[PDB]
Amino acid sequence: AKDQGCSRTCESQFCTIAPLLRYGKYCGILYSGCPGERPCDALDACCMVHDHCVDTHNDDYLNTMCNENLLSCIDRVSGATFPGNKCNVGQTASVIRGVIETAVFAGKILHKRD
């Protein structure tokens, strides 16, 4: 279904462990918000856009637009975070940023071949 297997809660788990990170309703691998769910802060909103971008490009998590847009978004994150956020915004963003940089390169390499 569409409204099953998704988050409606602002999480802040494994803040610095990339494969297990869950932040807001959207930030994390194979972790996303239910349709219509407002993101929890600016960083969560960046992830919301990214998750849908991948979804609408044949689940291509190496789509370079999706990933480059995420980096742009991450770099411009500001304002209040959600109450009860056990993570550090800047720290978590840097962890996401590191992984996405690698995704951008991986995407570029595989598309320079085709």
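Start at 1 with the first residue shown and count on from there.
Student: Select between 66-74 and 41-49 the stretch whose C-alpha atoms have the higher average B-factor in the entry.
Tutor: Going by the record's values, the stretch with the higher mean is 66-74.
Student: Mind pulling up the entry and telling me whether 11-19 or 100-108 has the higher mean Cα temperature factor?
Tutor: Looking at the record's C-alpha B-factors, the answer is 100-108.
Student: Using the B-factors in the PDB entry, rank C34's C-alpha atom against the chain and give the third, lowest, middle or highest.
Tutor: According to the entry, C34 has a C-alpha B-factor in the chain's lowest third.
Student: Tell me, lowest, middle or highest third: where does the Cα B factor of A80 rank within its chain?
Tutor: Within its chain, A80 is a highest-third residue by C-alpha B-factor, going by the deposited values.
Student: Which third of the chain holds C27 when residues are ordered by C-alpha B factor: lowest, middle or highest?
Tutor: Ranked within chain, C27 CA B lands in the lowest tercile.
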